[PDB]
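Novice: Dumping the structure here so I can ask a few things about it.
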Amino acid sequence: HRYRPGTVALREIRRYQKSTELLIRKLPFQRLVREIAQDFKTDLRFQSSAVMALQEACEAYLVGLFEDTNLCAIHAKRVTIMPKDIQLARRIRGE
Amino acid sequence: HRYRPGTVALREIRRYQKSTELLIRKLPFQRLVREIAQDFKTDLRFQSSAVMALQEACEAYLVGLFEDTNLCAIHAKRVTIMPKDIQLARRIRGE
Amino acid sequence: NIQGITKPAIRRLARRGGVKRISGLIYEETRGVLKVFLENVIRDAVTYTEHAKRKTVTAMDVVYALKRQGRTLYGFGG
Amino acid sequence: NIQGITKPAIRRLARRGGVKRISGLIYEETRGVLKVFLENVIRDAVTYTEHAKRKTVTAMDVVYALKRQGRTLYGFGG
Amino acid sequence: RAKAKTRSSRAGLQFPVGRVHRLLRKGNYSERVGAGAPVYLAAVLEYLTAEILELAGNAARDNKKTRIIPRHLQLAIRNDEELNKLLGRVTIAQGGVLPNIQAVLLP
Amino acid sequence: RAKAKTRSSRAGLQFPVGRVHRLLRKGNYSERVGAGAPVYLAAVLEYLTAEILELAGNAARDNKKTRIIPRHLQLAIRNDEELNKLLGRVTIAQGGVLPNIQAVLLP
Amino acid sequence: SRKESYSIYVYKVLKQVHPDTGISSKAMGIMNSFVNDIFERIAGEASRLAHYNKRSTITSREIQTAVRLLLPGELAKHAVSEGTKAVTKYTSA
Amino acid sequence: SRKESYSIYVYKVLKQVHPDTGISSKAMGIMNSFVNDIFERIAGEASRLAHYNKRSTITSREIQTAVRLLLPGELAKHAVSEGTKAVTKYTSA
DNA sequence: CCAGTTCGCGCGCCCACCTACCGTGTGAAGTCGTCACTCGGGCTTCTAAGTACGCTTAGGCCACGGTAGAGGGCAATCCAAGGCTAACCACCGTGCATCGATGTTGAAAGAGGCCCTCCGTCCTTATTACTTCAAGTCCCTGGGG
DNA sequence: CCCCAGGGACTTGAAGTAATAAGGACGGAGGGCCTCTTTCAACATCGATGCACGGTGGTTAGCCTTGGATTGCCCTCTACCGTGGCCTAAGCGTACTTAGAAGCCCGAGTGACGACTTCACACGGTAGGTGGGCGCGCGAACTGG
């Protein structure tokens with residue numbers, strides 16, 4: 001059995017849009033947090049809930065960006081998001 | 001002598017981007033303010049400087065919107081802004 | 001009175017925005033957009049006016065209204 | 001460490017965003033955007049910590065960093 | 001003296017009027033606080049909380065659930081134009097997003 | 001008594017230290033204001049005004065003008081990467097815009 | 001160290017509108033952030049109104065105008081009604 | 001009624017960096033709004049920072065911390081340096 | 001549609017541990033009472049906000065022929081997704097060692113409320129020089145040939 | 001590319017008016033005093049952050065086949081451009097009318113404040129209810145023919 005490209009993708013949207021779990025791996029994300037924070041001050045510790053707060057904001061923020069990116073993509077009569085779409089979205093947001 | 005369609009357009013960009021005067025006729029704007037204000041409170045007066053302050057904000061806001069609208073149009077490999085472009089700009093800004 | 005924002009006026013604003021060509025349907029959209037923006041700002045400015053027990057909307061009231069909508073205005077006394 | 005944000009993870013985030021098909025260049029673009037985003041928030045949260053003369057970043061510090069950047073977060077004490 | 005009657009009960013409110021008054025006086029908002037301000041402020045806050053909770057409880061009920069969780073709150077907030085506008089730039093932790101698929105992408 | 005020496009003069013500043021101090025006490029920012037807070041704050045505002053004004057005056061000279069008008073300030077703020085970021089969400093009355101034409105529209 | 005919160009009051013309000021519905025500890029935290037947030041906005045906006053009108057007292061007028069400015073559309077209308085009703089009852093004890 | 005402004009101080013600084021350059025009344029209005037605008041952010045941000053630490057006094061430390069949060073990139077570095085230099089001289093009269 | 005299937009998913013079967021209700025002390029909220037004082041109200045005056053009403057360009061509104069940008073159709077080419085595998089490490093769970101979050105307490109460094117004194121800054125005026133408009137000249141980019 | 005040309009930039013020469021330099025005033029800084037207390041620092045206490053290790057799968061990394069998406073060519077047509085004609089009223093002058101912005105004076109209705117008191121609230125504790133893992137069969141949308 002082979003689903004045609006797109007069938008499973010739409011299935012994933014519905015599943016992932018109904019669920020609420022965090023989607024970035026926790027450990028790799030933590031190392032990144034520590035790695036970025038390392039450059040400002042050494043021997044910096046982080047409360048476990050602090051790391052979770054950063055992760056929640058980042059995932060929520062990034063999802064929001066992908067939604068706006070899609071609208072830009074659709075505007076060009078395309079269904080595939082591309083880097084130029086993110087750039088456009090961000091420019092309009094003022095970032 | 002007849003300028004080709006588009007030649008004069010570039011000249012207006014340079015002229016109006018070099019100038020700073022307000023571009024909406026003052027009296028029409030004043031009449032607009034009074035009609036809109038009527039719905040909130042009757043017989044409302046406005047300092048002449050108050051109307052000026054609104055116009056400055058309004059023109060700047062519209063200029064900001066047309067700039068972002070253009071990027072959307074350019075994004076779709078078009079040079080003409082259309083109502084669908086304005087809607088997109090507004091949507092991304094959150095309006 | 002909303003028509004007082006004439007077609008040439010909308011064109012001039014677009015030119016300042018770097019727009020080279022304008023579709024014939026843009027004029028109606030812009031008028032609608034302007035209506036929304038003005039209502040919001042005027043609403044807040046009038047709201048301040050009632051709070052100050054005043055009958056005349058001042059430029060400072062508008063400035064305050066603009067600040068709360070994230071459109072800070074410089075040049076009218078603060 | 002940025003490579004820890006794997007392709008499937010970036011995809012899943014896009015799926016939540018309603019994206020149906022994704023170009024292969026998005027993964028590199030997303031990593032860059034996230035890094036910038038993270039730097040700003042951590043910068044502010046770390047700044048708050050140093051002022052308190054503390055050595056451990058708390059959850060409150062992060063929330064405040066988000067608030068001043070217009071990204072109010074609910075659920076972690078503010 | 002007579003039994004102490006909380007200012008909240010005198011005003012028929014569940015939110016703590018006494019607590020709100022202290023927070024206003026010590027919150028560096030103004031020099032003086034009028035006797036009605038904490039009462040007025042508390043009443044508005046209580047009403048708004050009720051509003052969200054009412055919509056959130058309805059969403060919870062639709063999912064055959066008896067406890068409101070952050071997911072239910074997101075549904076309630078994003079589905080109400082006025083609440084959404086008020087809380088536009090707010091992120092609900094563990095909230096997810098609203099099921100929304102662009103029409104052009106559907107089969 | 002000794003001749004009165006302004007706090008502004010002791011710190012080598014042009015901005016009014018005393019006024020800022022009073023403005024902090026009457027600005028509903030905190031209950032108390034340290035003696036070093038107003039001096040530090042005054043210097044920062046002075047530095048920033050100098051920065052903006054310095055860059056704007058240069059723009060004026062390039063336009064062969066000797067008096068600053070709103071136009072020059074807009075140029076200074078939008079043409080400077082650092083100051084532009086700080087003043088992203090500000091509208092300068094009578095400022096106009098930066099000459100910027102998309103490359104795709106040029107002949 | 002005791003940490004003040006609106007949890008009890010949030011629970012009371014919930015029990016009036018949904019007697020048989022509970023709320024998780026996480027959701028309770030959300031409400032606390034919410035209450036504080038709205039409080040700050042109103043209190044912060046109220047401060048500006050008082051300062052703009054050169055009045056050192058914050059009264060019913062400032063909150064009423066603050067609510068009219070911050071709350072969008074009908075939320076303000078109903079909220080203002082609630083506040084006015086509460087203050088009126090309070091003034092008559 | 002006399003209305004305070006930064007006009008005199010703005011003019012002095014201009015004459016130091018550009019001795020032969022003036023300023024229009026309109027530009028002066030812009031500068032007053034700017035000074036007050038930055039002032040509000042700095043004073044307002046320092047308050048939250050002060051409030052978070054349960055301190056009732058806003059000191060140069062909070063201003064320094066508030067400045068770091070608001071001024072972007074190298075602006076912050078130089079602004080912090082200037083303030084510290086000025087304050088240091090001030091404590092020694 | 002026929003026909004088969006993969007996915008979605010609702011409905012239980014427990015367990016379990018997350019939360020509702022209970023017991024306790026207290027500190028901050030309530031009440032009485034004093035007293036300082038803020039602003040709502042009366043009254044007054046001057047500003048500018050509205051109004052009118054004329055003029056004079058200057059710009060908006062309409063028509064019109066055209067042209068190039070927007071758009072639909074077509075094909076090739078190319079490149080992300082579905083499915084397959086081997087393998088990595090995220091996470092559970094436990095466990096320990098130890099930093100620093102966190103709390104308390106002394107007293108003095110600090111900032112205040114008040115007071116007398118002085119001059120910095122603001123209102124007011126008069127004078128410029130820098131700006132501004134008009135005209136005349138010149139550079140230069142533009143479009144049909 | 002050329003010829004002819006249409007617009008804007010540049011450069012005086014007159015007005016003129018907003019910059020601005022200069023003088024008088026007052027209330028707002030500044031010095032100075034005695035005073036209340038916020039906070040640095042000292043020392044104390046334990047939670048929870050860091051680190052580690054052994055598994056234990058679930059989940060990734062990579063590749064292959066792929067057919068549907070992208071996009072470039074092409075035509076084509078019709079939706080704006082630019083010029084002209086022609087009329088309307090916006091910009092401004094000048095003037096008048098007057099509504100309320102702004103201010104000064106006043107008191108009493110108001111909130112800060114202190115002393116004292118008490119019970120509403122939060123922390124420790126207990127015992128069931130809600131919901132998630134385990135597990136299965138039912139709802140039906142999809143896709144090769």
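Novice: Answer yes or no as to whether B:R90 is touching a strand residue (DSSP E or B) at 6+ places or on another chain (Cβ under 9 Å) and more than 16 Å from C:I10 (Cα to Cα).
Specialist: Values: touching a strand residue (DSSP E or B) at 6+ places or on another chain (Cβ under 9 Å): no; more than 16 Å from C:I10 (Cα to Cα): yes.
So B:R90 fails the test.
Novice: Search the range A:24-42 for residues being outside any helix (DSSP H, G or I) and facing another protein chain (nearest Cβ under 7 Å), and hand back the single one that is surrounded by the most Cβ atoms within 10 Å (Cβ to Cβ). Can you show your working first?
Specialist: Initial filter on the range A:24-42 (outside any helix (DSSP H, G or I)): A:24-25, A:39-42.
Still in the running and facing another protein chain (nearest Cβ under 7 Å): A:24-25, A:40-41.
Values: A:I24: 21, A:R25: 15, A:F40: 15, A:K41: 13.
Among those residues, the one meeting the criterion is A:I24.
Novice: Could you name every one of the helices (runs of 4 or more DSSP H) located completely within chain G that has at least 3 residues being at the interface with chain E (Cβ under 7 Å from one of its Cβ atoms) and of a type in the set (A, V, I, L, M, F, W, C)?
Specialist: Working: elements: G:7-17, G:25-52, G:60-70, G:74-91.
Because the criterion is at least 3 residues that are at the interface with chain E (Cβ under 7 Å from one of its Cβ atoms) and of a type in the set (A, V, I, L, M, F, W, C), the helices (runs of 4 or more DSSP H) in chain G that meet it are G:7-17, G:25-52, G:74-91.
Novice: E:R89: free of Cβ contacts under 8 Å to residues at least 24 places away in the same chain and within 14 Å of chain D (Cβ to nearest Cβ), yes or no?
Specialist: Details: free of Cβ contacts under 8 Å to residues at least 24 places away in the same chain: yes; within 14 Å of chain D (Cβ to nearest Cβ): yes.
So E:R89 passes the test.
Novice: Tell me, please, whether a residue that is more than 7 Å from chain A (Cβ to nearest Cβ), touching a strand residue (DSSP E or B) at 6+ places or on another chain (Cβ under 7 Å), within 14 Å of DNA strand I (Cβ to nearest atom) and under 19 Å from E:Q94 (Cβ atoms) can be found in the range D:64-78. Walk me through how you get there before you give the answer.
Specialist: Residues of the range D:64-78 that are more than 7 Å from chain A (Cβ to nearest Cβ), as a first pass: D:64-65, D:67-70, D:72, D:74-75, D:77-78.
Of the ones still in play, those that are also touching a strand residue (DSSP E or B) at 6+ places or on another chain (Cβ under 7 Å) are D:72, D:74-75.
From what is left, the residues that are within 14 Å of DNA strand I (Cβ to nearest atom) are D:75.
After this cut, where a residue has to be under 19 Å from E:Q94 (Cβ atoms) as well, the list is D:75.
Yes, some residue in the range D:64-78 is more than 7 Å from chain A (Cβ to nearest Cβ), touching a strand residue (DSSP E or B) at 6+ places or on another chain (Cβ under 7 Å), within 14 Å of DNA strand I (Cβ to nearest atom) and under 19 Å from E:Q94 (Cβ atoms).
Novice: Looking only at the range A:30-51, how many residues end up being more than 8 Å from DNA strand I (Cβ to nearest atom), in contact (Cβ under 8 Å) with a residue 12 or more places away in the chain and either in contact with a helix residue (DSSP H, G or I) (Cβ under 8 Å, 6 or more places away or on another chain) or small (G, A, S) (or both)?
Specialist: 3
Novice: Quick check on H:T21: is it within 14 Å of DNA strand I (Cβ to nearest atom), of a type outside the set (K, R), free of Cβ contacts under 8 Å to residues at least 12 places away in the same chain and farther than 23 Å from D:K53 by Cβ? Break it down into steps so the answer makes sense when it comes.
Specialist: On the way: within 14 Å of DNA strand I (Cβ to nearest atom): yes; of a type outside the set (K, R): yes; free of Cβ contacts under 8 Å to residues at least 12 places away in the same chain: yes; farther than 23 Å from D:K53 by Cβ: yes.
Yes, satisfied.
Novice: Residues in the range F:18-32 that are part of a helix (DSSP H, G or I) and either surrounded by fewer than 23 Cβ atoms within 10 Å (Cβ to Cβ) or within 7 Å of chain H (Cβ to nearest Cβ) (or both): how many? I'd like the intermediate steps shown before the answer.
Specialist: We begin by selecting, within the range F:18-32, every residue part of a helix (DSSP H, G or I); these are F:18-25.
From what's left, either surrounded by fewer than 23 Cβ atoms within 10 Å (Cβ to Cβ) or within 7 Å of chain H (Cβ to nearest Cβ) (or both): F:18-19, F:21-25.
Final tally of qualifying residues: 7.
Novice: Additional query: Suppose we filter F:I101, F:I77 for residues that are in a helix (DSSP H, G or I), within 11 Å of chain C (Cβ to nearest Cβ) and more than 30 Å from E:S30 (Cβ to Cβ); which single one remains?
Specialist: Working: F:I101 fails: in a helix (DSSP H, G or I).
Of F:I101, F:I77, the one residue that is in a helix (DSSP H, G or I), within 11 Å of chain C (Cβ to nearest Cβ) and more than 30 Å from E:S30 (Cβ to Cβ) is F:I77.
Novice: Can you find even one residue in the range D:41-58 that is farther than 30 Å from A:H75 by Cβ, at the interface with chain A (Cβ under 7 Å from one of its Cβ atoms), touching a residue at least 12 places away in the same chain (Cβ under 8 Å) and within 9 Å of DNA strand I (Cβ to nearest atom)?
Specialist: Looking for residues that are farther than 30 Å from A:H75 by Cβ, at the interface with chain A (Cβ under 7 Å from one of its Cβ atoms), touching a residue at least 12 places away in the same chain (Cβ under 8 Å) and within 9 Å of DNA strand I (Cβ to nearest atom), one finds at least one in the range D:41-58, hence yes.
Novice: Within the range F:4-12, can one find any residue that is facing chain H (nearest Cβ under 8 Å) and either touching a residue at least 60 places away in the same chain (Cβ under 8 Å) or within 14 Å of the chain's Cα centre (by Cα) (or both)?
Specialist: Within the range F:4-12 (the criterion being facing chain H (nearest Cβ under 8 Å) and either touching a residue at least 60 places away in the same chain (Cβ under 8 Å) or within 14 Å of the chain's Cα centre (by Cα) (or both)), the answer is no, since none of the residues qualifies.
Novice: Considering every residue within the range A:43-52, establish whether at least one is within 8 Å of chain D (Cβ to nearest Cβ), under 26 Å from E:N100 (Cβ atoms) and surrounded by 15 or more Cβ atoms within 10 Å (Cβ to Cβ). Talk me through it step by step, then tell me what you get.
Specialist: The initial filter retains those residues of the range A:43-52 that are within 8 Å of chain D (Cβ to nearest Cβ), namely A:43-47, A:49-50, A:52.
Okay, now just the ones that are also under 26 Å from E:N100 (Cβ atoms), so A:52.
Cutting the leftovers down to surrounded by 15 or more Cβ atoms within 10 Å (Cβ to Cβ) gives us A:52.
Taking every residue of the range A:43-52 in turn, at least one turns out to be within 8 Å of chain D (Cβ to nearest Cβ), under 26 Å from E:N100 (Cβ atoms) and surrounded by 15 or more Cβ atoms within 10 Å (Cβ to Cβ).
Novice: Now, a different point. H:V35 is checked against (1) buried (at least 17 other Cβ atoms within 10 Å of the Cβ); (2) under 16 Å from D:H51 (Cα atoms) and fails just one. What number does that condition carry?
Specialist: Just one mismatch for H:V35, condition (2).
Novice: Working carefully through the options A:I81, A:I24, find the one that is under 25 Å from D:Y74 (Cβ atoms), near DNA strand I (Cβ under 10 Å from one of its atoms) and touching a helix residue (DSSP H, G or I) at 6+ places or on another chain (Cβ under 8 Å).
Specialist: Numbers: A:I81 fails: under 25 Å from D:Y74 (Cβ atoms).
Residue meeting the stated conditions: A:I24.
Novice: Quick one: which residue in C:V62, C:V46, C:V33, C:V57 is of a type in the set (A, V, I, L, M, F, W, C) and out of contact with any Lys or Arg (no Cβ under 8 Å at 6 or more places or on another chain)? Quick ask: steps written out before the conclusion?
Specialist: Details: C:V46 fails: out of contact with any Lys or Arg (no Cβ under 8 Å at 6 or more places or on another chain); C:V33 fails: out of contact with any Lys or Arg (no Cβ under 8 Å at 6 or more places or on another chain); C:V57 fails: out of contact with any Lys or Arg (no Cβ under 8 Å at 6 or more places or on another chain).
Answer to the selection: C:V62.
Novice: Moving to a separate point now. Sort out which residues of the range C:10-25 are crowded, with 20+ Cβ neighbours inside 10 Å and either small (G, A, S) or out of contact with any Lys or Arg (no Cβ under 9 Å at 6 or more places or on another chain) (or both), and write them in order of number.
Specialist: Across the range C:10-25, the qualifying residues are C:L13, C:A14, C:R16, C:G17, C:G18, C:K20.
Novice: Being within 14 Å of DNA strand I (Cβ to nearest atom) and hydrophobic (A, V, I, L, M, F, W, C) is the filter; apply it to the range A:55-75 and report the residue that is nearest to D:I42 (Cα to Cα). Outline the logic, then answer.
Specialist: As a first pass, look at the range A:55-75 and keep what is within 14 Å of DNA strand I (Cβ to nearest atom): A:55-56, A:59, A:66, A:69-70, A:73-75.
Retained after the next criterion (residues that are hydrophobic (A, V, I, L, M, F, W, C)): A:66, A:73-74.
Values: A:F66: 22, A:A73: 31, A:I74: 34 Å.
Selected residue: A:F66.
Novice: A:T20 versus (1) more than 20 Å from D:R43 (Cα to Cα); (2) touching a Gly at 6+ places or on another chain (Cβ under 9 Å); (3) facing chain D (nearest Cβ under 7 Å); (4) within 11 Å of DNA strand J (Cβ to nearest atom): which is the lone unmet condition?
Specialist: Answer for A:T20: the failing condition is (3).
Novice: The conditions are (1) in contact with a helix residue (DSSP H, G or I) (Cβ under 6 Å, 6 or more places away or on another chain); (2) farther than 28 Å from A:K77 by Cα; (3) surrounded by 22 or more Cβ atoms within 10 Å (Cβ to Cβ); (4) not basic (K, R), and B:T69 fails exactly one of them. Which is it?
Specialist: If we test B:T69 against (1) in contact with a helix residue (DSSP H, G or I) (Cβ under 6 Å, 6 or more places away or on another chain); (2) farther than 28 Å from A:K77 by Cα; (3) surrounded by 22 or more Cβ atoms within 10 Å (Cβ to Cβ); (4) not basic (K, R), just (2) comes out false.
Novice: Something else about it: Just for the range F:43-69: of the residues that are within 11 Å of DNA strand I (Cβ to nearest atom) and assigned to a helix (DSSP H, G or I), which one is nearest to E:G27 (Cα to Cα)?
Specialist: F:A60
Novice: Would you mind finding the one in E:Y40, E:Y47 that is in contact with a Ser or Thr (Cβ under 8 Å, 6 or more places away or on another chain) and among the hydroxyl-bearing types (S, T, Y)?
Specialist: Numbers: E:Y47 fails: in contact with a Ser or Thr (Cβ under 8 Å, 6 or more places away or on another chain).
Exactly one residue qualifies, and that residue is E:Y40.
Novice: Among the residues of the range E:33-60, how many are more than 7 Å from chain G (Cβ to nearest Cβ) and either within 15 Å of DNA strand J (Cβ to nearest atom) or buried (at least 23 other Cβ atoms within 10 Å of the Cβ) (or both)?
Specialist: Number satisfying all stated conditions: 6.
Novice: Being surrounded by fewer than 20 Cβ atoms within 10 Å (Cβ to Cβ) and among the basic types (K, R) is the filter; apply it to the range H:38-63 and report the residue that is nearest to F:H72 (Cα to Cα).
Specialist: H:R41
Novice: Could you please let me know if C:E28 is more than 15 Å from the chain's Cα centre (by Cα), assigned to a helix (DSSP H, G or I) and acidic (D, E)?
Specialist: Working: more than 15 Å from the chain's Cα centre (by Cα): yes; assigned to a helix (DSSP H, G or I): yes; acidic (D, E): yes.
Yes, satisfied.
A quick yes/no check of all residues on (1) among the polar types (S, T, N, Q); (2) under 17 Å from the mean Cα position of the chain (by Cα); (3) in a loop (DSSP other than H, G, I, E, B); (4) on the phi < 0 side of the Ramachandran plot:
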position	(1), (2), (3), (4)
D:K35	no, yes, no, yes
D:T47	yes, yes, no, yes
D:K53	no, no, yes, no
D:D61	no, yes, no, yes
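The numbers here are math on the coordinates, done by the rules we state, and not lab data. Ideal geometry is used to build each Cβ from the backbone, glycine not excepted, and the neighbour counts take in all protein chains shown.
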